[PDB]
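Chemist: Starting off with a structure, shown below.
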Amino acid sequence: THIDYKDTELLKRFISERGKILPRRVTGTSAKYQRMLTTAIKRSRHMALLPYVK
Amino acid sequence: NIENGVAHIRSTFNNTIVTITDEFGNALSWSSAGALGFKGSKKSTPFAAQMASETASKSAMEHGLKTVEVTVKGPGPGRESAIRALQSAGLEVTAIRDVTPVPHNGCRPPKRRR
Amino acid sequence: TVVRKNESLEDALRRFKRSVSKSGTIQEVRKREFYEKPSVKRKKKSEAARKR
Amino acid sequence: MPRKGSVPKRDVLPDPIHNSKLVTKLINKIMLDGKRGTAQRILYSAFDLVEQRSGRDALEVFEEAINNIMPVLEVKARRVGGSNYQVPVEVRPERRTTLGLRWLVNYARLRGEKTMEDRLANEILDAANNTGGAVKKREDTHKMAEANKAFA
RNA sequence: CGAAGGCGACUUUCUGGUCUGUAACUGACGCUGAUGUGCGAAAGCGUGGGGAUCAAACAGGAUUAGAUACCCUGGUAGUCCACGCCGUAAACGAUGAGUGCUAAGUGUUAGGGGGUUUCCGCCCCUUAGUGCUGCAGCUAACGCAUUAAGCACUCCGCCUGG
């Protein structure tokens with residue numbers, strides 16, 4: 001699914017205040033778990049948890 | 001009026017220049033890369049502020065900066081010893097703020113940090 | 001953002017190095033500034049999970 | 001001459017009088033064809049003038065000179081190409097400048113005649129406490145490559 | 001993934017479509033080929049920007065026994081995006097697109113059946129592919145091949161001197 005903003009409870013190891021994702025082999029995941037890692041976390045991680053750049 | 005001054009250092013890979021300024025923008029003076037015989041962007045050497053920036057800082061004597069806080073926006077060889085002119089007369093190098101911006105990002109581009 | 005004290009400045013050769021690289025999204029920082037080519041990196045751009 | 005390169009060199013042997021080759025290489029500066037008939041005497045009217053003008057023999061006050069001529073520590077650099085790239089370096093007796101025999105202080109023979117008989121006794125004692133004089137043994141092989149800082 | 005040129009920031013979209021596990025079901029209802037489908041990258045291409053970067057030109061420098069050139073900031077446009085594209089690339093698969101195999105193997109993205117469930121992992125079946133090799137076949141050889149440069153049923157176009 002598209003895990004929402006507080007839906008990083010067992011995933012804030014992956015979340016960061018300042019920009020750290022774990023890619024595929026970093027968690028040993030396939031192309032659904034890594035994919036939620038890289039897309040579905042972002043609703044919590046990017047919009048008001050990561051200043052990209054100015 | 002002591003303990004007030006920042007060596008806000010605009011040092012890239014070259015161009016070891018640093019303003020011996022206040023903690024915020026008022027800009028007293030400097031021994032920068034246009035100050036100790038050089039011009040800048042080939043001064044990848046500390047002698048902007050190897051020795052002769054604390055010449056300026058102690059000719060001022062108003063900072064008394066126990067915290068001189070070189071603030072960088074890039075690399076530089078002479079920048080780690082651009083703070084030797086904050087150790088020469090000994091103004092107690094205490095911080096290294098080597099950061100590029102992360103405010104956020106105006107529009108269909110103007111531009112800002114990478 | 002970094003304040004390091006208690007170090008010499010002819011020894012600042014070692015103090016100016018160690019707060020740089022640590023970021024898993026070091027790219028998703030950079031976003032909207034300066035964007036480049038993978039040309040020689042097309043040796044390694046069939047790559048993991050970007051969109052395929 | 002590459003592909004090939006360069007490898008170390010030769011040296012000298014002492015004498016049964018004092019067990020010293022510092023005097024030997026200095027005679028080998030003058031060792032005419034095996035006929036050292038008074039090249040021996042020219043050496044013994046050169047080398048004796050540091051042991052005579054300075055009271056101590058070849059091993060104490062001459063040591064002020066002959067601790068500092070062909071090396072233990074000299075100036076040298078490595079394969080770095082056409083740049084400055086200079087730093088102090090420890091060395092062996094292969095290529096030679098700062099413990100036994102080499103370059104500057106001690107031209108024994110450089111005064112106002114065209115002689116060898118008395119000229120060697122003339123300009124000899126300047127390496128009493130390793131103080132310059134004229135080009136035979138050390139002085140100027142110590143102070144090479146420590147100049148540029150700002151506009152380097 | 002797209003008709004291609006090609007397709008890249010991500011929250012999202014249609015998730016269109018791939019996609020494999022189910023496929024719930026009337027009775028040839030398709031490939032190529034009159035139709036017709038669209039564009040195809042740039043050099044260049046019909047408006048503000050554009051000389052801001054880069055950048056030809058010019059400057060200006062000079063190797064060692066040789067420039068204005070490798071050298072380029074000011075800088076000529078151009079570069080570039082909010083209104084028009086050509087039908088060209090090593091778009092090369094030098095290898096056209098339907099029915100199916102060629103001992104087959106191979107580890108694997110997807111989606112599944114699962115055992116064991118693990119501590120989300122070990123083992124078996126799996127295919128669009130993914131690669132790897134590798135049987136037959138292939139041509140002179142290059143070298144191709146369960147996914148052609150083979151094998152038996154479809155069309156297309158090419159040319160049998162250039």
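As shown in the structure tokens, the chain order sets the letters A, B, ...; within each chain, residues go from 1, and ligands are also counted from 1 in the order they appear.
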Could you name the residues that touch stretch 6-20 of chain C at 6 Å or less, counting only C-alpha atoms (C1' of nucleotides), but leaving out those on the same chain fewer than 4 positions away, as an NGL selection string?

Modeler: :B and (80-81 or 84)

Chemist: Chain E residues within 9 Å of chain C, counting only C-alpha atoms (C1' of nucleotides): which ones, as JSON, numbers by chain?

Modeler: {"E": [8, 9, 10, 109]}

Chemist: What are the nearest atom pairs, with distances in Å to one decimal, for all residues of chain E that come at most 12 Å from chain B, using only C-alpha atoms (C1' of nucleotides), set out by chain and rising residue number as a tab-separated table?

Modeler:
```
residue	atom	partner	partner_atom	distance
E:52	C1'	B:110	CA	11.4
E:81	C1'	B:108	CA	10.5
E:82	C1'	B:108	CA	11.7
```

Chemist: Take atom CA of residue B:58 and atom CA of residue B:2 and report the distance between them in Å, one decimal.

Modeler: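 Taking atom CA of residue B:58 and atom CA of residue B:2, their separation equals 11.7 Å.
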
Chemist: Taking into account only C-alpha atoms, which residue in the set B:14, B:45, B:87, B:19 is nearest to chain C?

Modeler: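 Closest to chain C of all the choices is B:87.
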
Chemist: Using only C-alpha atoms and a distance of at most 8 Å, pull out the residues of chain D that contact chain B, as a PDB file with C-alpha atoms, in the first residue's frame.

Modeler:
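See selection_29.pdb below for the written result:
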```pdb
ATOM      1  CA  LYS D 149      54.369  28.969   1.036  1.00  0.00           C
ATOM      2  CA  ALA D 150      51.725  31.408  -0.266  1.00  0.00           C
ATOM      3  CA  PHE D 151      52.257  31.868  -4.022  1.00  0.00           C
TER       4      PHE D 151
END
```

Chemist: For residue B:112, list every protein, DNA or RNA residue within 10 Å, evaluated using only C-alpha atoms (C1' of nucleotides), and leave out those in the same chain fewer than 6 positions away; present the list as a list in words.

Modeler: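 Near residue B:112, the qualifying residues are residues 53 and 54 of chain A; 100, 101, 102, 103, 104, 105 and 106 of chain B; 30, 31, 32, 33 and 34 of chain C.
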
Chemist: For residue D:102, work out the shell of residues within 7 Å, counting only C-alpha atoms (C1' of nucleotides) and skipping chain neighbours fewer than 3 positions away, then give it as a compact mmCIF listing (two decimals) with N, CA, C and O atoms, in the first residue's frame.

Modeler:
```txt
# COMPACT_ATOMS: atom_id res chain seq x y z
N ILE D 69 79.29 14.61 5.46
CA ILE D 69 79.66 14.75 4.04
C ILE D 69 79.07 13.85 2.93
O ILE D 69 78.74 14.38 1.87
N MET D 70 79.13 12.50 3.03
CA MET D 70 78.35 11.45 2.29
C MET D 70 77.55 10.54 3.23
O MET D 70 78.11 10.05 4.22
N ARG D 96 75.12 10.12 -2.56
CA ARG D 96 75.90 10.42 -1.36
C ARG D 96 76.04 11.91 -1.05
O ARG D 96 76.49 12.66 -1.92
N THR D 97 75.62 12.36 0.17
CA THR D 97 75.88 13.77 0.52
C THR D 97 76.02 14.27 1.98
O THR D 97 76.22 15.49 2.10
N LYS D 136 85.07 21.49 -1.58
CA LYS D 136 85.33 20.05 -1.71
C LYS D 136 84.43 19.08 -0.93
O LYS D 136 84.08 18.06 -1.54
N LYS D 137 84.03 19.32 0.33
CA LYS D 137 83.49 18.23 1.16
C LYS D 137 82.01 18.33 1.52
O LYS D 137 81.30 17.41 1.12
N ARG D 138 81.49 19.30 2.30
CA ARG D 138 80.02 19.38 2.50
C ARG D 138 79.23 20.67 2.19
O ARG D 138 78.37 20.65 1.31
```

Chemist: Pull out every residue of chain A sitting within 12 Å of chain E, counting only C-alpha atoms (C1' of nucleotides), and send them as a PyMOL selection string.

Modeler: chain A and resi 2-5+27-33+38-48+50+52

Chemist: Extract, using only C-alpha atoms (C1' of nucleotides), all DNA, RNA and protein residues at most 8 Å from residue B:99, discarding same-chain residues fewer than 5 positions from it, and format them as a list in words.

Modeler: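 What passes the distance filter is residues 71, 72, 73 and 74 of chain B; 1 of chain C.
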
Chemist: Would you mind exporting the chosen residues as a short mmCIF file (atom, residue, chain, number, x, y, z; two decimals), in the first residue's frame, restricted to N, CA, C and O atoms?

Modeler:
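This went into out-v6.cif:
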```cif
data_model
loop_
_atom_site.label_atom_id
_atom_site.label_comp_id
_atom_site.auth_asym_id
_atom_site.auth_seq_id
_atom_site.Cartn_x
_atom_site.Cartn_y
_atom_site.Cartn_z
N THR B 71 32.74 29.33 8.77
CA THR B 71 31.51 28.88 8.12
C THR B 71 31.81 28.74 6.63
O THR B 71 32.05 29.73 5.94
N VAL B 72 31.77 27.51 6.15
CA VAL B 72 32.21 27.14 4.81
C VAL B 72 30.99 26.81 3.96
O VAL B 72 29.93 26.44 4.46
N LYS B 73 31.17 26.95 2.65
CA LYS B 73 30.22 26.50 1.65
C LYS B 73 30.94 25.75 0.54
O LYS B 73 30.60 25.86 -0.64
N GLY B 74 31.95 24.97 0.91
CA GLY B 74 32.71 24.20 -0.04
C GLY B 74 34.01 23.69 0.53
O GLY B 74 34.35 23.94 1.69
N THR C 1 26.28 23.85 10.68
CA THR C 1 25.54 22.84 11.44
C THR C 1 26.45 21.96 12.31
O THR C 1 25.95 21.15 13.09
#
```

Chemist: Enumerate the residues of chain D with a DSSP assignment of helix (DSSP H, G or I), computed from the backbone, and present them as an MDAnalysis selection string.

Modeler: chainID D and resid 22:28 39:43 48:53 63:66

Chemist: My list of candidates is A:18, A:7, A:51, A:25. Which is closest to chain B when distances are computed with only C-alpha atoms?

Modeler: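 The closest residue to chain B is A:51.
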
Chemist: Give me, please, the distance in Å between atom CA of residue A:16 and atom CA of residue B:107, quoted to one decimal.

Modeler: 24.9 Å

Chemist: DSSP says strand (DSSP E) for which residues of chain D? Put them as a list in words?

Modeler: residues 73, 74, 89 and 90 of chain D
